[PDB]
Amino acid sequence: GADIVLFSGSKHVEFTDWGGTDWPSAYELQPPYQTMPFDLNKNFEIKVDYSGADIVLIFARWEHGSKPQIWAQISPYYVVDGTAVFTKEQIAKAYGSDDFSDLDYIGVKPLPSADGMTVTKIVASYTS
């Protein structure tokens, strides 16, 4: 029923400690530069099947002129089983608005772990 698959497979990210402020990702989009696989203006949820580490979703805007950098680092709205769910309403509250006209970056990233994080699926779906 109209799920969009952003990724399916077995993507492994090693990240054992904070060390630098270099921070590897499982998945990234840059909306100003890449055609988009889903429409940010719909009411959407992003669901990630993962294991091995705790997970976050980043929505970011780089600093430009007198508008500051936004780094909306979001924990899952909830986890069930092996799946993290993130919702548009949650993302918009962390981003400061639901206006994504200036969104530079979307990233799915692990927190530090000994074994690394593996993502097997990322799905966008549109909700009521």
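The first residue of the shown sequence is 1; numbering continues from there.
Q: May I ask you to compare 39 to 47 and 61 to 69 by their mean CA B factor in the entry and name the higher one?
A: The recorded data point to 61 to 69.
Q: Going by the average Cα B-factor in the PDB entry, point out whether 14 to 22 or 102 to 110 comes out higher.
A: Between 102 to 110 and 14 to 22, it is 14 to 22 that shows the higher mean C-alpha B-factor.
Q: Select one of 52, 96, 31, 76: the residue whose C-alpha shows the highest B-factor in the crystal structure entry.
A: Comparing C-alpha B-factors across 52, 96, 31, 76, the top value belongs to 96.
Q) Of the three thirds of its chain by CA temperature factor, lowest, middle or highest, which one includes residue 122? A) As the PDB entry reports it, the C-alpha B-factor of residue 122 lands in the lowest third of its chain.
(Q) Quick check for you: using the entry's CA B-factors within this chain, is residue 5 in the lowest, middle or highest third? (A) For residue 5, the deposited C-alpha B-factor lands in the middle third.
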